Amino acid sequence: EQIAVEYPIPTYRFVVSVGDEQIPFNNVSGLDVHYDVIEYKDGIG
Amino acid sequence: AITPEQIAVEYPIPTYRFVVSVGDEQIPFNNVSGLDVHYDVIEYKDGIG
């Protein structure tokens, strides 16, 4: 009983601080982590 | 309509799947090359052609 449901956080409820001061921004993007892929192949498969 | 046996019999073989044995042991490898046979050429010319 009492199934609990949670919804994701809205995207507009964010606060940005640069250095040690808070600056009201309008849009922040690009916080991505990217790793290269190294591949090695042998003759036997 | 071509069956896999027909491909095994008549089609050419690719060059990416191979096994290498060194002495009495098998060692995986990434690239093998240089398996060439070369002969020298001996020439002799006559005065009449």
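Residues numbered from 1 in each chain as written, not as in the entry; some residues may be left out. Chains lettered and ligands numbered in written order. Part of a larger assembly, values for the part shown. Heavy atoms only, no water.

By the method listed in its record, cryo-EM, this PDB entry was determined to a resolution of 2.46 Å.

Peer 1: With reference to specific residues and values, describe the overall build of chain B.
Peer 2: Within chain B, the regular secondary structure consists of one helix and two strands. When its helices and strands are written in sequence order, chain B yields α-β-β. By principal-axis analysis of the C-alpha atoms, chain B measures approximately 60 × 40 × 20 Å. Taken over 49 residues, chain B has a buried fraction of 2%. (Helix = DSSP H or I, 4+ residues; strand = E, 2+ residues; numbered from the N terminus. Buried < 20%, exposed > 50% of the residue type's maximum accessible area, 1.4 Å probe, protein only.)

Peer 1: So what about the overall build of chain A? Which residues, and what values?
Peer 2: Regarding its fold elements, chain A presents zero helices and two strands. With the principal axes as the frame, chain A shows a C-alpha extent of 55 × 50 × 20 Å. Considering chain A as a whole, with its 45 residues, one finds that 2% of them fall into the buried category. Of the roughly 5400 Å² that chain A leaves accessible, carbon and sulfur atoms contribute 52%. (Areas by Shrake-Rupley, 256 points an atom, 1.4 Å probe, with all protein chains shown as cover.)

Peer 1: An account of the interface of chain B and chain A is requested, with residue identities and associated values reported.
Peer 2: Size of an interface, as often reported, equals the accessible area lost when the parts are brought together. The interface of chain B with chain A comprises seven residues on the first partner and six residues on the second. Of the roughly 500 Å² buried between chain B and chain A on both sides combined, carbon and sulfur atoms contribute 50%. For chain B, the biggest contributors to the area lost against chain A are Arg17, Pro28 and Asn30 of chain B; these three give 65% of the whole. Put simply, chain B and chain A have zero salt bridges between them. Seen at the junction of chain B and chain A, the total is four residue pairs in polar contact. Here the residues of the side of chain B that touches chain A are counted per class, giving five nonpolar, one polar and one charged. (Contact = heavy atoms within 4.5 Å. Buried area = accessible area lost by both parts, 1.4 Å probe. Salt bridge = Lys/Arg side-chain N within 4 Å of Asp/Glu carboxyl O. Polar contact = N/O pair within 3.5 Å; in protein donor to acceptor, adjacent residues only side chain to side chain. Nonpolar A, V, L, I, M, F, W, Y, C, P; charged D, E, K, R; others polar.)

Peer 1: Before we move on, could you go through the environment of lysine 41 of chain A and cite the residues and values that matter?
Peer 2: Residue and element names in this part refer to chain A. Its place among the elements puts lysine 41 in the segment after β2 (21–22). For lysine 41, a relative accessible area of 67% translates into the label exposed. Separated by 21 residues in the primary sequence, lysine 41 and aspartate 20 have C-alpha atoms spaced 49 Å apart.

Peer 1: Summarise the environment of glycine 19 of chain A; cite the residues concerned and give the values.
Peer 2: By the element assignment, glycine 19 of chain A lies in the loop between β1 (17–18) and β2. Through-space distance from the C-alpha of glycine 19 of chain A to that of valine 5 of chain A is 37 Å; in sequence the pair is 14 residues apart.

Peer 1: Could you give me a rundown of the environment of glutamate 6 of chain A, with the residues and numbers involved?
Peer 2: Residues and elements named next belong to chain A. Checked against the element boundaries, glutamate 6 lands in the segment before β1. Residue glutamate 6 is classed as exposed on the basis of its relative accessible area, which comes to 77%. Along the primary structure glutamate 6 and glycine 43 are separated by 37 residues, whereas in three dimensions their C-alpha atoms are 51 Å apart.

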